[PDB]
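With mmCIF, C-alpha atoms and all ligand atoms inside, this is data13.cif:
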data_my_file
loop_
_atom_site.group_PDB
_atom_site.id
_atom_site.type_symbol
_atom_site.label_atom_id
_atom_site.label_comp_id
_atom_site.auth_asym_id
_atom_site.auth_seq_id
_atom_site.Cartn_x
_atom_site.Cartn_y
_atom_site.Cartn_z
ATOM 1 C CA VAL A 1 -125.743 -57.122 -86.196
ATOM 2 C CA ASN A 2 -127.205 -53.854 -87.504
ATOM 3 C CA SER A 3 -126.139 -51.124 -89.931
ATOM 4 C CA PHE A 4 -125.310 -48.334 -87.456
ATOM 5 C CA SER A 5 -121.681 -47.288 -87.974
ATOM 6 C CA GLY A 6 -119.168 -45.188 -86.074
ATOM 7 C CA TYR A 7 -120.946 -45.140 -82.709
ATOM 8 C CA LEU A 8 -119.204 -45.069 -79.359
ATOM 9 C CA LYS A 9 -120.666 -47.662 -77.003
ATOM 10 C CA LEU A 10 -121.721 -46.166 -73.673
ATOM 11 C CA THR A 11 -123.462 -49.171 -72.071
ATOM 12 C CA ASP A 12 -124.811 -52.570 -73.026
ATOM 13 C CA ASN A 13 -127.628 -50.930 -75.015
ATOM 14 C CA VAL A 14 -126.827 -47.208 -75.512
ATOM 15 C CA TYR A 15 -124.605 -45.879 -78.307
ATOM 16 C CA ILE A 16 -123.714 -42.320 -79.265
ATOM 17 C CA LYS A 17 -122.344 -40.501 -82.306
ATOM 18 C CA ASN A 18 -121.698 -36.931 -83.433
ATOM 19 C CA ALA A 19 -124.104 -36.880 -86.364
ATOM 20 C CA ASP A 20 -126.967 -35.035 -88.025
ATOM 21 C CA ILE A 21 -129.977 -37.261 -87.285
ATOM 22 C CA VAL A 22 -131.467 -36.334 -90.675
ATOM 23 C CA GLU A 23 -128.365 -37.510 -92.542
ATOM 24 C CA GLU A 24 -128.069 -40.563 -90.334
ATOM 25 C CA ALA A 25 -131.713 -41.362 -90.961
ATOM 26 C CA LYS A 26 -131.355 -41.047 -94.715
ATOM 27 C CA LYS A 27 -128.295 -43.326 -94.798
ATOM 28 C CA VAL A 28 -129.403 -45.857 -92.362
ATOM 29 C CA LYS A 29 -133.172 -46.053 -93.076
ATOM 30 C CA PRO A 30 -133.786 -47.270 -89.549
ATOM 31 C CA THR A 31 -136.982 -49.012 -88.538
ATOM 32 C CA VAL A 32 -137.630 -46.178 -86.042
ATOM 33 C CA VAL A 33 -136.412 -42.578 -85.941
ATOM 34 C CA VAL A 34 -137.433 -40.580 -82.857
ATOM 35 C CA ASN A 35 -138.689 -37.021 -83.240
ATOM 36 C CA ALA A 36 -138.329 -34.429 -80.469
ATOM 37 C CA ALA A 37 -142.004 -33.494 -80.742
ATOM 38 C CA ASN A 38 -144.336 -31.121 -78.937
ATOM 39 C CA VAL A 39 -147.894 -32.013 -77.916
ATOM 40 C CA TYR A 40 -149.375 -30.332 -81.022
ATOM 41 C CA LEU A 41 -146.959 -32.054 -83.433
ATOM 42 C CA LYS A 42 -146.033 -28.614 -84.793
ATOM 43 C CA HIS A 43 -142.594 -29.408 -86.304
ATOM 44 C CA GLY A 44 -141.237 -25.896 -86.513
ATOM 45 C CA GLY A 45 -137.629 -26.042 -85.381
ATOM 46 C CA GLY A 46 -134.932 -28.030 -83.678
ATOM 47 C CA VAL A 47 -134.867 -31.716 -84.549
ATOM 48 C CA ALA A 48 -138.561 -31.701 -85.489
ATOM 49 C CA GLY A 49 -138.207 -28.834 -87.926
ATOM 50 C CA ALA A 50 -135.198 -30.520 -89.513
ATOM 51 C CA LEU A 51 -136.862 -33.940 -89.835
ATOM 52 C CA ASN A 52 -140.048 -32.356 -91.233
ATOM 53 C CA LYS A 53 -138.116 -30.258 -93.780
ATOM 54 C CA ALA A 54 -136.331 -33.411 -94.971
ATOM 55 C CA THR A 55 -139.778 -34.988 -95.651
ATOM 56 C CA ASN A 56 -140.816 -31.970 -97.787
ATOM 57 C CA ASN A 57 -143.501 -31.187 -95.132
ATOM 58 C CA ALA A 58 -145.182 -34.607 -95.487
ATOM 59 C CA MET A 59 -144.513 -35.241 -91.788
ATOM 60 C CA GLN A 60 -146.436 -32.058 -90.885
ATOM 61 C CA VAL A 61 -149.371 -32.926 -93.175
ATOM 62 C CA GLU A 62 -149.662 -36.383 -91.604
ATOM 63 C CA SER A 63 -149.285 -34.905 -88.117
ATOM 64 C CA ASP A 64 -152.055 -32.347 -88.655
ATOM 65 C CA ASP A 65 -154.460 -35.149 -89.593
ATOM 66 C CA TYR A 66 -153.357 -37.122 -86.499
ATOM 67 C CA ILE A 67 -154.092 -34.152 -84.207
ATOM 68 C CA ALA A 68 -157.413 -33.384 -85.890
ATOM 69 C CA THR A 69 -158.513 -36.969 -85.155
ATOM 70 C CA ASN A 70 -156.904 -37.630 -81.756
ATOM 71 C CA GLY A 71 -156.121 -34.285 -80.101
ATOM 72 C CA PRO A 72 -152.780 -33.358 -78.554
ATOM 73 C CA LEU A 73 -150.291 -35.762 -77.061
ATOM 74 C CA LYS A 74 -149.410 -35.723 -73.357
ATOM 75 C CA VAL A 75 -146.090 -34.342 -72.144
ATOM 76 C CA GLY A 76 -144.114 -37.557 -71.642
ATOM 77 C CA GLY A 77 -146.203 -39.319 -74.303
ATOM 78 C CA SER A 78 -145.722 -40.447 -77.876
ATOM 79 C CA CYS A 79 -147.323 -41.656 -81.070
ATOM 80 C CA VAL A 80 -146.079 -43.778 -83.971
ATOM 81 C CA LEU A 81 -146.492 -42.266 -87.432
ATOM 82 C CA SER A 82 -144.823 -42.791 -90.796
ATOM 83 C CA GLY A 83 -141.082 -42.327 -91.194
ATOM 84 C CA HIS A 84 -141.653 -41.061 -94.757
ATOM 85 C CA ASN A 85 -138.352 -41.037 -96.702
ATOM 86 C CA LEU A 86 -136.261 -41.248 -93.453
ATOM 87 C CA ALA A 87 -137.282 -44.423 -91.690
ATOM 88 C CA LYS A 88 -140.027 -47.080 -91.589
ATOM 89 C CA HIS A 89 -141.667 -45.285 -88.636
ATOM 90 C CA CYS A 90 -141.276 -42.053 -86.712
ATOM 91 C CA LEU A 91 -141.836 -42.239 -82.955
ATOM 92 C CA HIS A 92 -142.895 -38.705 -81.981
ATOM 93 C CA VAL A 93 -141.926 -38.326 -78.302
ATOM 94 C CA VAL A 94 -142.765 -35.300 -76.213
ATOM 95 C CA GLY A 95 -140.087 -34.522 -73.671
ATOM 96 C CA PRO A 96 -140.740 -31.681 -71.229
ATOM 97 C CA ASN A 97 -139.856 -28.226 -72.565
ATOM 98 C CA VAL A 98 -138.069 -26.322 -69.804
ATOM 99 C CA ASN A 99 -138.718 -23.097 -71.715
ATOM 100 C CA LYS A 100 -142.436 -23.792 -71.097
ATOM 101 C CA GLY A 101 -141.987 -24.652 -67.405
ATOM 102 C CA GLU A 102 -142.736 -28.366 -67.781
ATOM 103 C CA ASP A 103 -141.708 -30.811 -65.059
ATOM 104 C CA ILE A 104 -138.307 -32.351 -65.799
ATOM 105 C CA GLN A 105 -139.349 -35.560 -64.011
ATOM 106 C CA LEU A 106 -141.518 -36.245 -67.081
ATOM 107 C CA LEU A 107 -138.277 -36.838 -68.994
ATOM 108 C CA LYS A 108 -138.139 -40.390 -67.611
ATOM 109 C CA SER A 109 -141.711 -41.038 -68.787
ATOM 110 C CA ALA A 110 -140.749 -39.719 -72.239
ATOM 111 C CA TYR A 111 -137.784 -42.105 -72.529
ATOM 112 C CA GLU A 112 -139.970 -45.051 -71.413
ATOM 113 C CA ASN A 113 -141.670 -44.849 -74.825
ATOM 114 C CA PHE A 114 -138.411 -46.049 -76.397
ATOM 115 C CA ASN A 115 -138.777 -49.440 -74.645
ATOM 116 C CA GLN A 116 -141.649 -50.343 -76.991
ATOM 117 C CA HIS A 117 -139.137 -50.548 -79.894
ATOM 118 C CA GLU A 118 -136.218 -52.959 -80.179
ATOM 119 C CA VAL A 119 -133.892 -50.502 -81.981
ATOM 120 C CA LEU A 120 -134.146 -46.710 -82.429
ATOM 121 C CA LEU A 121 -132.217 -43.775 -83.868
ATOM 122 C CA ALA A 122 -132.879 -40.886 -81.528
ATOM 123 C CA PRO A 123 -131.889 -37.422 -80.327
ATOM 124 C CA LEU A 124 -131.440 -36.613 -76.664
ATOM 125 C CA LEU A 125 -134.918 -35.809 -75.402
ATOM 126 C CA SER A 126 -135.557 -32.330 -74.014
ATOM 127 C CA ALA A 127 -132.121 -31.133 -75.257
ATOM 128 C CA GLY A 128 -131.526 -28.277 -77.682
ATOM 129 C CA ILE A 129 -134.398 -25.806 -77.854
ATOM 130 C CA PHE A 130 -136.331 -27.784 -75.218
ATOM 131 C CA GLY A 131 -133.965 -26.303 -72.651
ATOM 132 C CA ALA A 132 -132.891 -29.263 -70.517
ATOM 133 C CA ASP A 133 -129.298 -30.128 -69.644
ATOM 134 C CA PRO A 134 -128.183 -32.695 -72.269
ATOM 135 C CA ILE A 135 -125.867 -34.390 -69.749
ATOM 136 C CA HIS A 136 -128.926 -35.047 -67.589
ATOM 137 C CA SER A 137 -130.909 -36.245 -70.600
ATOM 138 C CA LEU A 138 -128.191 -38.784 -71.427
ATOM 139 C CA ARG A 139 -128.193 -39.999 -67.818
ATOM 140 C CA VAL A 140 -132.003 -40.419 -67.821
ATOM 141 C CA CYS A 141 -131.737 -42.188 -71.192
ATOM 142 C CA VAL A 142 -129.111 -44.649 -69.946
ATOM 143 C CA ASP A 143 -131.047 -45.313 -66.731
ATOM 144 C CA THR A 144 -134.450 -45.744 -68.465
ATOM 145 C CA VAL A 145 -134.083 -47.194 -71.959
ATOM 146 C CA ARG A 146 -133.426 -50.942 -72.090
ATOM 147 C CA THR A 147 -133.770 -51.391 -75.866
ATOM 148 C CA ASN A 148 -130.979 -50.528 -78.298
ATOM 149 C CA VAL A 149 -130.716 -46.778 -78.823
ATOM 150 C CA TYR A 150 -128.382 -44.977 -81.229
ATOM 151 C CA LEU A 151 -128.115 -41.387 -80.153
ATOM 152 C CA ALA A 152 -127.244 -38.739 -82.724
ATOM 153 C CA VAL A 153 -125.791 -35.530 -81.284
ATOM 154 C CA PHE A 154 -125.613 -32.710 -83.826
ATOM 155 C CA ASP A 155 -123.138 -30.450 -81.994
ATOM 156 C CA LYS A 156 -119.566 -31.772 -81.947
ATOM 157 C CA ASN A 157 -118.642 -29.675 -78.901
ATOM 158 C CA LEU A 158 -121.613 -31.095 -77.007
ATOM 159 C CA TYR A 159 -120.871 -34.641 -78.152
ATOM 160 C CA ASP A 160 -117.315 -34.445 -76.792
ATOM 161 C CA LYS A 161 -118.613 -33.052 -73.494
ATOM 162 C CA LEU A 162 -121.216 -35.827 -73.213
ATOM 163 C CA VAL A 163 -118.609 -38.544 -73.770
ATOM 164 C CA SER A 164 -115.938 -37.005 -71.552
ATOM 165 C CA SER A 165 -118.355 -36.523 -68.630
ATOM 166 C CA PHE A 166 -120.161 -39.866 -68.911
ATOM 167 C CA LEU A 167 -120.079 -41.978 -65.758
HETATM 168 O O1 LIG B 201 -127.905 -31.406 -81.441
HETATM 169 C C1 LIG B 201 -129.046 -31.367 -81.773
HETATM 170 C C2 LIG B 201 -129.463 -32.351 -82.836
HETATM 171 N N1 LIG B 201 -129.241 -33.643 -82.671
HETATM 172 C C3 LIG B 201 -129.560 -34.453 -83.663
HETATM 173 N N2 LIG B 201 -130.056 -34.156 -84.838
HETATM 174 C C4 LIG B 201 -130.243 -32.878 -85.006
HETATM 175 N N3 LIG B 201 -130.690 -32.206 -85.987
HETATM 176 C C5 LIG B 201 -130.792 -30.976 -85.931
HETATM 177 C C6 LIG B 201 -130.324 -30.621 -84.699
HETATM 178 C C7 LIG B 201 -129.957 -31.868 -84.041
HETATM 179 N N4 LIG B 201 -129.916 -30.355 -81.248
HETATM 180 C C8 LIG B 201 -131.326 -30.186 -81.561
HETATM 181 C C9 LIG B 201 -131.762 -29.017 -80.698
HETATM 182 C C10 LIG B 201 -130.696 -28.440 -80.165
HETATM 183 C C11 LIG B 201 -129.475 -29.368 -80.276
HETATM 184 C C12 LIG B 201 -129.124 -29.751 -78.852
HETATM 185 C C13 LIG B 201 -128.549 -28.623 -78.009
HETATM 186 C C14 LIG B 201 -127.324 -28.002 -78.659
HETATM 187 C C15 LIG B 201 -127.705 -27.469 -80.035
HETATM 188 C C16 LIG B 201 -128.321 -28.567 -80.913
#
Could I get this structure in the form of structure tokens?
Amino acid sequence: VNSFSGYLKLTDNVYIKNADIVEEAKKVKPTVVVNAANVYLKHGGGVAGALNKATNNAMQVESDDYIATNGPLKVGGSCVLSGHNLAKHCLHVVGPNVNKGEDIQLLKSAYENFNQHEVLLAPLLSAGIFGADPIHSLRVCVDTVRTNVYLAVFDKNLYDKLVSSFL
């Protein structure tokens, strides 16, 4: 039993809710919140900008030190950093950005990072400003992640379309 509330169950291990991941993170305090990161950990907009703003820019300060030490992430890769006031940890995962021409096949590699964590609160990778089809992202998620994932979908219209078209 866990503290996630109001989710629709899609499969054995994947759950979905129309929610603001920032508000869900602050209420739930999950062990892991996933950020929709880029390779430079520049949290300017979309989910990353929202999560970073909610940390009063502490996420960005920590991220800049991470990059200065380690260099950029790989597309499809991840790193674990602090969750600040939102979660125990933040898993920064880089899905491919279609608006940069990155290979959508790397979306599966991106979701594989979730399997290193027993339970996660997450957005749909490569959705939103990353330019992928969210229906496809949900399919890749369901077919790749084996751990327990609670997906927060900000847009109600998109949430209803994801549920109603789910196979
Ligand atoms: O739904 C979300 C989303 N999901 C969870 N937490 C969130 N926080 C802030 C936004 C947000 N996003 C993020 C990028 C674009 C998109 C997907 C595509 C349709 C517009 C909205």
Give me the chain A side of the contact with ligand LIG 201 (chain B), cut-off 9 Å, one line per residue showing its nearest atom pair and distance in Å at one decimal, counting only C-alpha atoms and all ligand atoms, sorted by chain and residue number, as a tab-separated table.
residue	atom	partner	partner_atom	distance
A:18	CA	B:LIG201	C3	8.2
A:19	CA	B:LIG201	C3	6.6
A:20	CA	B:LIG201	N2	4.5
A:21	CA	B:LIG201	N2	4.0
A:22	CA	B:LIG201	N3	6.3
A:23	CA	B:LIG201	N2	8.6
A:24	CA	B:LIG201	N2	8.7
A:36	CA	B:LIG201	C8	8.3
A:45	CA	B:LIG201	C9	8.1
A:46	CA	B:LIG201	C9	4.5
A:47	CA	B:LIG201	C5	4.4
A:48	CA	B:LIG201	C5	7.8
A:49	CA	B:LIG201	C5	8.0
A:50	CA	B:LIG201	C5	5.7
A:51	CA	B:LIG201	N3	7.5
A:122	CA	B:LIG201	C3	7.5
A:123	CA	B:LIG201	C3	5.0
A:124	CA	B:LIG201	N1	7.1
A:126	CA	B:LIG201	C9	8.4
A:127	CA	B:LIG201	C12	4.9
A:128	CA	B:LIG201	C10	2.6
A:129	CA	B:LIG201	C9	5.0
A:130	CA	B:LIG201	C9	7.2
A:131	CA	B:LIG201	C13	8.0
A:132	CA	B:LIG201	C13	8.7
A:133	CA	B:LIG201	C13	8.5
A:134	CA	B:LIG201	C13	7.0
A:151	CA	B:LIG201	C3	7.9
A:152	CA	B:LIG201	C3	5.0
A:153	CA	B:LIG201	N1	4.2
A:154	CA	B:LIG201	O1	3.6
A:155	CA	B:LIG201	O1	4.9
A:156	CA	B:LIG201	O1	8.4
A:157	CA	B:LIG201	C14	8.8
A:158	CA	B:LIG201	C14	6.7
A:159	CA	B:LIG201	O1	8.4
Counting all atoms listed in the file, which residues of segment 6-56 of chain A fall within 7 Å of segment 91-102 of chain A, and what is the closest atom pair for each with its distance in Å at one decimal, ordered by chain and rising number, as JSON lines?
{"residue": "A:32", "atom": "CA", "partner": "A:91", "partner_atom": "CA", "distance": 6.5}
{"residue": "A:33", "atom": "CA", "partner": "A:91", "partner_atom": "CA", "distance": 6.2}
{"residue": "A:34", "atom": "CA", "partner": "A:91", "partner_atom": "CA", "distance": 4.7}
{"residue": "A:35", "atom": "CA", "partner": "A:92", "partner_atom": "CA", "distance": 4.7}
{"residue": "A:36", "atom": "CA", "partner": "A:93", "partner_atom": "CA", "distance": 5.7}
{"residue": "A:37", "atom": "CA", "partner": "A:94", "partner_atom": "CA", "distance": 4.9}
{"residue": "A:38", "atom": "CA", "partner": "A:94", "partner_atom": "CA", "distance": 5.2}
{"residue": "A:39", "atom": "CA", "partner": "A:94", "partner_atom": "CA", "distance": 6.3}
Which residue gives the smallest distance to residue 160 of chain A among A:142, A:135, A:121, A:73, with only C-alpha atoms counted? A:135
Interatomic distance between atom CA of residue 62 of chain A and atom CA of residue 74 of chain A? 18.3 Å
Record the distance separating atom CA of residue 5 of chain A and atom CA of residue 87 of chain A, expressed in Å with one decimal.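 Atom CA of residue 5 of chain A sits 16.3 Å away from atom CA of residue 87 of chain A.
Between atom CA of residue 17 of chain A and atom CA of residue 166 of chain A the separation is 13.6 Å.
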Hits of the PyMOL selection byres (((chain A and resi 7) around 8) and not hetatm) in this structure, as a VMD selection string: chain A and resid 4 to 6 8 to 9 15 to 17 150
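Contact shell of residue 70 of chain A at 12 Å (all atoms listed in the file; same-chain neighbours under 4 positions omitted): residues 39, 40, 41, 63, 64, 65, 66, 74 and 79 of chain A.
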Exactly which residues make up the result of the PyMOL selection byres (((chain A and resi 116) around 12) and not hetatm) on this file, given as a ChimeraX atom specification? /A:32,78-80,91,110-115,117-120,145-149
Chain and number of each residue from the PyMOL selection byres (((chain A and resi 58) around 12) and not hetatm), as a list in words: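 So the PyMOL selection byres (((chain A and resi 58) around 12) and not hetatm) ends up selecting residues 43, 49, 51, 52, 53, 54, 55, 56, 57, 59, 60, 61, 62, 63, 64, 65, 81, 82, 83, 84, 85 and 86 of chain A.
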Fill-in result for segment 5-37 of chain A, N, CA and C atoms as a compact mmCIF listing (two decimals), in the frame of the given file:
# COMPACT_ATOMS: atom_id res chain seq x y z
N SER A 5 -123.13 -47.31 -87.82
CA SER A 5 -121.68 -47.29 -87.97
C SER A 5 -121.08 -46.08 -87.26
N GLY A 6 -119.91 -46.29 -86.66
CA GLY A 6 -119.17 -45.19 -86.07
C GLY A 6 -119.64 -44.72 -84.72
N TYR A 7 -120.46 -45.52 -84.03
CA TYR A 7 -120.95 -45.14 -82.71
C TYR A 7 -119.96 -45.54 -81.62
N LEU A 8 -119.88 -44.71 -80.59
CA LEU A 8 -119.20 -45.07 -79.36
C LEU A 8 -120.22 -45.75 -78.46
N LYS A 9 -119.81 -46.86 -77.86
CA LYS A 9 -120.67 -47.66 -77.00
C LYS A 9 -120.58 -47.08 -75.60
N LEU A 10 -121.71 -46.66 -75.04
CA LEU A 10 -121.72 -46.17 -73.67
C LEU A 10 -122.05 -47.24 -72.65
N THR A 11 -123.02 -48.10 -72.96
CA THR A 11 -123.46 -49.17 -72.07
C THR A 11 -123.80 -50.36 -72.94
N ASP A 12 -124.36 -51.40 -72.30
CA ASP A 12 -124.81 -52.57 -73.03
C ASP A 12 -125.69 -52.17 -74.22
N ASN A 13 -126.56 -51.18 -74.05
CA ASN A 13 -127.63 -50.93 -75.02
C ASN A 13 -127.68 -49.50 -75.54
N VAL A 14 -126.81 -48.60 -75.09
CA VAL A 14 -126.83 -47.21 -75.51
C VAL A 14 -125.53 -46.85 -76.22
N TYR A 15 -125.68 -46.26 -77.41
CA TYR A 15 -124.60 -45.88 -78.31
C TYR A 15 -124.77 -44.40 -78.66
N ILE A 16 -123.66 -43.75 -79.01
CA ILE A 16 -123.71 -42.32 -79.26
C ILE A 16 -122.74 -41.93 -80.37
N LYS A 17 -123.13 -40.94 -81.16
CA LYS A 17 -122.34 -40.50 -82.31
C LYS A 17 -122.59 -39.01 -82.52
N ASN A 18 -121.55 -38.31 -82.96
CA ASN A 18 -121.70 -36.93 -83.43
C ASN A 18 -122.22 -36.98 -84.86
N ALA A 19 -123.51 -36.73 -85.04
CA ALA A 19 -124.10 -36.88 -86.36
C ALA A 19 -125.36 -36.02 -86.46
N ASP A 20 -125.70 -35.67 -87.70
CA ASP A 20 -126.97 -35.03 -88.02
C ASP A 20 -128.00 -36.14 -88.19
N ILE A 21 -129.01 -36.17 -87.30
CA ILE A 21 -129.98 -37.26 -87.28
C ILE A 21 -130.69 -37.38 -88.63
N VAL A 22 -130.85 -36.28 -89.35
CA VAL A 22 -131.47 -36.33 -90.68
C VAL A 22 -130.59 -37.11 -91.64
N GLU A 23 -129.29 -36.81 -91.66
CA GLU A 23 -128.36 -37.51 -92.54
C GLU A 23 -128.19 -38.95 -92.12
N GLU A 24 -128.16 -39.20 -90.82
CA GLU A 24 -128.07 -40.56 -90.33
C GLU A 24 -129.33 -41.31 -90.71
N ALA A 25 -130.50 -40.66 -90.57
CA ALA A 25 -131.71 -41.36 -90.96
C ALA A 25 -131.70 -41.66 -92.45
N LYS A 26 -131.28 -40.73 -93.29
CA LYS A 26 -131.35 -41.05 -94.72
C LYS A 26 -130.39 -42.14 -95.14
N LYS A 27 -129.28 -42.32 -94.43
CA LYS A 27 -128.29 -43.33 -94.80
C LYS A 27 -128.65 -44.64 -94.23
N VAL A 28 -129.10 -44.58 -93.00
CA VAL A 28 -129.40 -45.86 -92.36
C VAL A 28 -130.79 -46.39 -92.72
N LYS A 29 -131.80 -45.57 -92.94
CA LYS A 29 -133.17 -46.05 -93.08
C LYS A 29 -133.58 -46.91 -91.89
N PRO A 30 -133.47 -46.40 -90.68
CA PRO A 30 -133.79 -47.27 -89.55
C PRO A 30 -135.27 -47.59 -89.51
N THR A 31 -135.59 -48.67 -88.80
CA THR A 31 -136.98 -49.01 -88.54
C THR A 31 -137.70 -47.88 -87.82
N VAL A 32 -137.04 -47.25 -86.84
CA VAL A 32 -137.63 -46.18 -86.04
C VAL A 32 -136.64 -45.03 -85.92
N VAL A 33 -137.07 -43.83 -86.31
CA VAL A 33 -136.41 -42.58 -85.94
C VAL A 33 -137.31 -41.86 -84.94
N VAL A 34 -136.70 -41.34 -83.87
CA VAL A 34 -137.43 -40.58 -82.86
C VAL A 34 -137.40 -39.10 -83.21
N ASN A 35 -138.57 -38.47 -83.14
CA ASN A 35 -138.69 -37.02 -83.24
C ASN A 35 -138.86 -36.41 -81.86
N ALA A 36 -138.17 -35.28 -81.64
CA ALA A 36 -138.33 -34.43 -80.47
C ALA A 36 -139.55 -33.54 -80.69
N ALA A 37 -140.73 -34.11 -80.42
CA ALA A 37 -142.00 -33.49 -80.74
C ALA A 37 -142.51 -32.62 -79.60
